[PDB]
Amino acid sequence: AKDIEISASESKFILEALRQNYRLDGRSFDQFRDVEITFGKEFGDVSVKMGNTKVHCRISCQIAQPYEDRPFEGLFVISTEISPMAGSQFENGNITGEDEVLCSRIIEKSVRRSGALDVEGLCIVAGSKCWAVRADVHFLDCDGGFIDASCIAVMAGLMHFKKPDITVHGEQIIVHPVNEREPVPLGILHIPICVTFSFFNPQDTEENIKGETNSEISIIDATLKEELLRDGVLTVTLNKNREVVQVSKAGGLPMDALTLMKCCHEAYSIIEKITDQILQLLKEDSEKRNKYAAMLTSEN
Amino acid sequence: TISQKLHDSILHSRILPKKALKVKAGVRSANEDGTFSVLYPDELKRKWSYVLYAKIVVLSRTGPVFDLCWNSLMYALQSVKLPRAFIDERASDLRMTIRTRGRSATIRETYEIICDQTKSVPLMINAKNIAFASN
Amino acid sequence: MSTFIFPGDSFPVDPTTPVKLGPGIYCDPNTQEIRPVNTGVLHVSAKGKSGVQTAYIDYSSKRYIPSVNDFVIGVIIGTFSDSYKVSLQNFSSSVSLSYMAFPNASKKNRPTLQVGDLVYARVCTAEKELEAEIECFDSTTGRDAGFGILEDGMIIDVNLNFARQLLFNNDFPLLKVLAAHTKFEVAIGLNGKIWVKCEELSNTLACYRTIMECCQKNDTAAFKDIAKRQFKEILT
Amino acid sequence: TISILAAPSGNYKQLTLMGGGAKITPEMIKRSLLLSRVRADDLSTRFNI
Amino acid sequence: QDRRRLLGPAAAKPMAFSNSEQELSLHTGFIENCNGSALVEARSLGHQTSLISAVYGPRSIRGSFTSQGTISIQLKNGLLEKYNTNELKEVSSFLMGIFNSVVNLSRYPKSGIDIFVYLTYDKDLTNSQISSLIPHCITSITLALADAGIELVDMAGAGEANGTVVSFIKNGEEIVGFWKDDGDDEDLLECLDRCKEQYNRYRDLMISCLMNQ
Amino acid sequence: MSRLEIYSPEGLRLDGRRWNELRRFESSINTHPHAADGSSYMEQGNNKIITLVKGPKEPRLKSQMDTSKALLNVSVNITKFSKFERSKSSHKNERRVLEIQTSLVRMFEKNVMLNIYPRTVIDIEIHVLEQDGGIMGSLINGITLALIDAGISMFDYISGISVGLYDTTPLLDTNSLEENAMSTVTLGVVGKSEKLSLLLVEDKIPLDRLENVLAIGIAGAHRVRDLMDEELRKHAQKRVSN
Amino acid sequence: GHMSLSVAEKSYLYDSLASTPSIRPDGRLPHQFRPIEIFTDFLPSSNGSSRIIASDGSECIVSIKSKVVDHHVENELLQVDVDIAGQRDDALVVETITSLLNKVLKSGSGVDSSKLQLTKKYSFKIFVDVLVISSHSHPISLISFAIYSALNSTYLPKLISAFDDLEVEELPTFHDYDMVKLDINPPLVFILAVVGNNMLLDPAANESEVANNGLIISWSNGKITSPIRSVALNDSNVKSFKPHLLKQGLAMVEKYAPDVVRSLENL
Amino acid sequence: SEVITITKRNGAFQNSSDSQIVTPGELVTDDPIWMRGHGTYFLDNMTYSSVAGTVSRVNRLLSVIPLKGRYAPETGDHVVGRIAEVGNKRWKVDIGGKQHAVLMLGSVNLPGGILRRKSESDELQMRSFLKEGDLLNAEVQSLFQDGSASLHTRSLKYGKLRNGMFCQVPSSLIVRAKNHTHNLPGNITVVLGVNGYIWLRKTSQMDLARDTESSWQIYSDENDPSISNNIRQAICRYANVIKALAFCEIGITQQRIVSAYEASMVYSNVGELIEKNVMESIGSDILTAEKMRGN
Amino acid sequence: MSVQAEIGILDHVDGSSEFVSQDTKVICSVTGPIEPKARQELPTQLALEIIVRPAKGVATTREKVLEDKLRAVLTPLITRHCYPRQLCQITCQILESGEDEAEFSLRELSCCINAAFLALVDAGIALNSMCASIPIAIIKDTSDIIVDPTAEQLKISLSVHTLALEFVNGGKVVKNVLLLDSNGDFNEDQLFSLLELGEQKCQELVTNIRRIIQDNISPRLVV
Amino acid sequence: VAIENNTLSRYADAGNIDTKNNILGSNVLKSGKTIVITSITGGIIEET
RNA sequence: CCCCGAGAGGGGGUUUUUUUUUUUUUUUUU
Ligand SMILES: [Br-]
Ligand SMILES: [Br-]
Ligand SMILES: [Br-]
Ligand SMILES: [Br-]
Ligand SMILES: [Br-]
């Protein structure tokens, strides 16, 4: 594929800066990027921005029939297809690459598998008709942190989305339009948030395997340049209920167990601030839509 | 792209109205002397619809071939005969009970629709809308 | 306010005047007409310049296209039989750097440049339908004209316009406002690469952050303040 | 190039104009529409389907 | 469903309904797209078959180097009767072995001869069936190769008798392929004679087609 | 809600083991000499894994060749008969499997000295014949053994282990029944150290219990390392003595 | 083929094999097989299993699993699944062997499917999963020996409920511990090589490379049976063969097969 | 066992100056004076093992010799290889190592030899000399930085192989010696490549002259048109006994081969040598023969 | 015709834009000229990699048609002979349909054409001329020709049209008609009345685009 | 243009309707040197 | 740097899957 050429000078500089408690963007080692959440006109339309990183998620649903195995559960899928828009490093439709499959699996284990969405409440008539919720993530601009950005984009979208109200007459489904009656929100059991840690070995492999004192550097939410020069990755997902949704350190630089535990506790402070942030932006968005609805009726 | 353009232009030119694909389902009962008879309604509960598929094999390509695919599809659609469809009068297969965590539910009885081996009705094409291709 | 031109627009200059065509201007091989193909400001050199007027269009771009007599910053990404494979920009077509394109070259002794090294070089040949070539010496004298390896330091991505202004325009305050804060050496490439190196990393980092922000804002009368807050923030 | 789906009635169901080469003039369009009708009349009545 | 095809709605279910020795037709060279092509139609009793063969080659093979040519044969399902992909692969392998004994591969270094056989229309009118189609495939491929201008040692033909298929060359003196499914016991001699009769008839009609047409 | 005694008041599990006991661990080196440069047959409980290491050797395509290091590839074949219920579809292109293969590669890239084998390729083929919980940990042990058998240089052992958490009771080395009844944590420990190559948590675990679970796993993984090391020295003595 | 040989090596091998007193490179006789090792009943999770190891390192693993099905809707009661390591699932060799093996072990051709019947409505579906770890020639005969061994050491669950679903219609229930051994007669598949006018049983890798042709002959109930297929062991030296060779091959198998079965029938 | 020998087993997947053995990660020494060699790695004073093998101390060079691993080409080795590919002005030949060895066009003897004038068409017609699949003798002329070998055949002793059959044993069973081409009873000649690749052919005039128009046919695929069955049946026998020695992990030498060849004469049919118990006994008889002949 | 556009919003791309018409919002990115894959290489001209992503779900055959029509417009616009054996990646991510995507793709196509053009301008790629695209529709009863129709207007339409013209001379001379995609029932008189009114609104669009381009790019350049 | 309609359909012969055929309509078209073969099959879906 | 040659010549330094003990009055403090 198309490679990103990194000079020895750039490799040595960024690593040496870390040895001097410096990162290029001026952040701290434990500092998460400021997350900006923008909602569109339609429900389920959400735009997440972390520095230069830009992702967009769109929640949609349509009437479908549940699987034979699960007659009481609705359908839910998450799409995260990459495109050259985020950078020429990504091949169009490359859904089998190492980083792609990992990212796809992290999100799936954080939202799908974790049961963040109440799929039981997606059923209209058992074993016949149900809702099929779809989360489409669009990677617009890549500056690292695509996993953390996606997990927030999916969750913010699901919590913002509203499906058309339905009254049931036996098997006859009466789908009320938004013009008739208001749409119905989705059921969220918990709010999973991902925090990704990047590891750097300031020395050599020998001192990592048999070295007495540990000296490996770990930073939170790395940018693209920091992401291309790391030796190991850790993605930990938690919620406000003080529970670990999932942890994934798929190989890479061997890291001390206590250090990995420290990361999990550090991530918990971040996911708390992020979750409350999402909720507040959802309230204000609701207050904004209601205030306009009052100004539209008054003028009507 | 050819598949799409064929699909869209059939929808845009309004060749096939949904009403022309509605299945006028009949009923097959067991008459006297141990025989099966099928009674079809005319000019008048579950409802079915026909779905048309098409396979277009192009051999010996020598240039732009969309126009040939469309004209062939048009000629083919004018020969389409829809098979009569019927259901058994009282098929033994009824609702299927599925249990939840305390509460019970019943999946609706699925009726197996069967096509007639011989009897068929012609496809109702808006012949006024059938266009032919040229480039 | 400037005099903007768009592709397809009529070319102001008359055919009766001999005109040397630069960037942005295209001469159609079929209809022989001269027409603008890029969007930006049209610049026409004054008459009396040896009877030849040079017309070109200054347009915004960040994807470099190799042209002869350009100082560029490349990175060694491969070693062939007789030359180096060097990248001037990510995802772009590779350029070749001959083993004989160095001072004191010989068929017996190859240069000591390894893959991953930065080189400051000059584009010697840039055929449109052929792999471009760079050199790290003066073809006539044989000496090194400041060309060669760039040891350590940090490299910076920058749009072609910002790099061209930094290399050819002396009124650009950036190099001045950085000299007012620290000592530094700088290599400037027309391929949108800027190499910066100081004695201490904190100063190089401060320079990196300033050049990045100044490239982003593109407001000349704000470079001094940006450098002020940057070198200050490092001290904390 | 020009692509047309012409109904024998006289109306048109599809008209694609792609001018990447020579200029597509109204005369070229009108002549194409005429031939598309003539072609359609031939194809529709030929095989008595 | 599929993002590359239009297969319609998923809740839709396919329509299920309730309750001489051989006549041949041969044509060659009607596909301008390729180098050689053939049309073979057979009608007998309660089963008719119309299959089309197409030969693409010799064309480029950008891998290593080979002193001789490389043959590939692929059978495709038609419109009506379908067959298992495994079964079509098996016949393809059986056909590859046959024409690797007939095609003068020495004349085509670093080249590829890709032979396609389309099982276009196979009607079963009886109001492993693949065994009865095999001799017609060999006939089509032989016609197509000869029409393409690919050198052949001899006109390869075949016959079928009670699930046994055997292809002959050299006036039926030798065998280039032997196929047997089901059938009976100790019926080898009878099958060889019956198939050689079909082989002889097919070869005569093939030569008649390659010459007069 | 489990009607079976996952952990009885007598401190006994469904299979008879206690809370801190590993399953039957039997390694086997040089099982396929005519098929690979290195090979290992792993039996950890009912788990049965064939591991083949082919290389370092010439790449089949010069396009895929690194002049600074060897190319490391891992393909896990979870057979359709690995479980009690035969799976109808294949798992070859399953996203779960691609992640496993990727994970294993990312683990040994920082252990196997690929830098001393430039312009070569190391292909690791794995066949899972039978599965019964903790298949990831068994995959790790199989690769480590097979790589050593191939005489391929590496910095240290990598031992894999799984630890379940039944409410408050940690369970070392979980089988399929226990994994279906609780959340498990898979560890990949380097040598005798406290450093983790692989930390894998796929189900919900309280933040307070995670540190203790890690402590159990690391201790258990060290025992796996000892068993692997023991069996390896035994095979070494039986071969070097001839 | 698999093995790569020079023109000189092939010429020497061919002349040696095409000789009237046929000389094999390992000194074997035209009917002698190479020594093999067979392991059985090592997969407790399955109903039956086998593992065969050849002398050239060729290794194949077969697993046997069962499933209760309605034989009124499930036509094929025995499904063979072949997986050759290093090959795609849709490879030509894989699908061909898969198609071939399924014909060899059809329900009403070379297998007593009566022993799979449970009731008047339900029967046992047998899944024969093949895994070829390594192979240097056509593994069809190798797989056949393994499938044979596996099917002769297979144990299926025993039925408890009544066997008349037409009237009483009882749900199929099985005993908790007892299992009945699967009594069945698995067929064998022999592969031959044709070098000149000589026919060799169990062709080696180097032998197959120079062979003019080959034969795949099935064997069941003490007699030759379909599928019988001629096969090109290589693709560079394939030639037509006289009919007497075909009759020689069938005769050769017909007299040496019981010897193979006898050495294979040991429990 | 009249036709086939089938060994069976149930309930099991399979049958189941001191040299210091070390495993990866194990601490070998803590003396910083040592020079660390292959099989090792270090951190300050500590020297660890990277492979499983025996600790080796030569002078001040500490290294760990692995128990297993591919053939490692040393400069000057006599190897037998197969041409894998042909490109530009060189061949790449399969020796049996981590990488293919190279064989430059200028490192071989062109047909017609010293009398031949240089031609620029040779580089475009290399396939007429050595093509894919061809076997040949070669000497490891030089070594590349990674360890790859550059071969040469600039000798009458080296060149394309014919008039025989190929077989291979693990390279560990064949060591370096003064000469690897040997003449054996039965008018056959063995070529014991150090890489484990072995060539057994009919003894040629060169093989006789070694201990006691043709330059145009040094690359011909054609074999000797007159090769007796007695030589062919000798080759088969020599092949089987070599495989037998390899089966018992016995180091192959020219003496061990001839000894086994004559000892195998007990068995009438040559095909009897492929059975396990025969191979094991033949190798065992050789070791015991060297026992009572040595003491 | 109250469209709104932004230029140069993406960092890791040579050029980008965001075009919005009513509810139809499309973001586009352009990287080039760059090194092409072997199968993409054209000996003399530039190779175009054109990708269209839908607002909901994954890319299907529908978007494959959007890619094809968008190709017919962008191909003659770019001076391709300036970049032999080279590649230009053009990606369109439709963020909001602004129409019933199950029935129409009119507004999405026009917005993609305008956005792609703007992204090409931002990227600084040789263009032979300028371009503008508008969606047009004909209503049932009234049979009026509505330029830039709403989603509700499309539902009650008899025909839908995509018109993209090639402009030169300061956006005053129609060089050619790059694309006209007419679908539905219509007669010859309706077609030319459509082309006459369509050309007017297209010319107005170019003028607006020229304004947007100069407003964004001029601050980057020097005087 | 030369065509042949309903030649592949099960309703080809009104007197002898095919039993093992699911083609509702067909058309074989050849124009110049290009050949097009179209066959229409059908399915049924429940409506709600 | 390495290979080759009585004479500073030549060759190379590798490119979605083990989840289901079912029953008759509001609210508050007890
Ligand atoms: Br459910
Ligand atoms: Br950064
Ligand atoms: Br569809
Ligand atoms: Br028998
Ligand atoms: Br090597």
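Protein chains in written order, with the working numbering: chain A, 2 to 301; chain B, 60 to 194; chain C, 232 to 467; chain D, 5 to 53; chain E, 17 to 229; chain F, 17 to 258; chain G, 217 to 483; chain H, 14 to 308; chain I, 684 to 906; chain J, 165 to 212.
No residue lacks a Cβ here, since even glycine has one placed at the ideal position from N, Cα and C.
Straight-line measurement puts the Cα of C/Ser241 at about 56 Å from the Cα of A/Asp232.
Residue-level contact by beta carbon holds for F/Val217 and chain A, with a gap shorter than 9 Å. Between ligand 4 and the CB of G/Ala473, the shortest heavy atom gap is smaller than 8 Å.
Assignment of E/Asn49 by DSSP, reduced to helix, strand and coil, places it in the coil class. Relative to ligand 4, the beta carbon of G/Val405 is positioned no closer than 8 Å to any heavy atom. I/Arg790 sits away from I/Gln873, with the two beta carbons spaced by 9 Å or more.
Annotation: Cβ neighbours of A/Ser105 in chain F (cutoff 7 Å, chain order): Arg111. Each residue's CA atom was taken as its position, placing B/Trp107 and B/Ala84 some 8 Å apart. H/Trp229 sits in a helix when the DSSP states are folded into three classes. Contacts between B/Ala164 and chain A, judged by CB atoms closer than 7 Å, involve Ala127 in chain order. Taking the Cα positions, J/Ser203 is about 7 Å away from J/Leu172. In this structure F/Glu37 is not in contact with F/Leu30, their Cβ atoms being roughly 13 Å apart against a cut-off of 8 Å. Between the C-alpha atoms of E/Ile146 and E/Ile166 there is a straight-line separation of about 27 Å.
Under the Cβ criterion (8 Å, minimum of three pairs), the stretch 76-93 of chain H counts as touching the stretch 201-214 of chain H.
Per DSSP, reduced to three states, the secondary structure at A/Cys195 is strand. Taking CB atoms only, F/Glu125 has no neighbour in chain H less than 9 Å away. Chain I has a Cβ within less than 9 Å of the Cβ of D/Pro30. Not one heavy atom of ligand 5 is found less than 8 Å from the C-beta of H/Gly24.
At least one C-beta of chain J is nearer than 9 Å to the C-beta of E/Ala28. Between ligand 2 and A/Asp142, a heavy atom-to-CB distance of less than 8 Å is absent. For chain J, the residues of the stretch 133-149 of chain E that bring a beta carbon within less than 9 Å of one of its beta carbons are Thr136, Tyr137, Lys139, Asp140, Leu141, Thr142, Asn143, in chain order.
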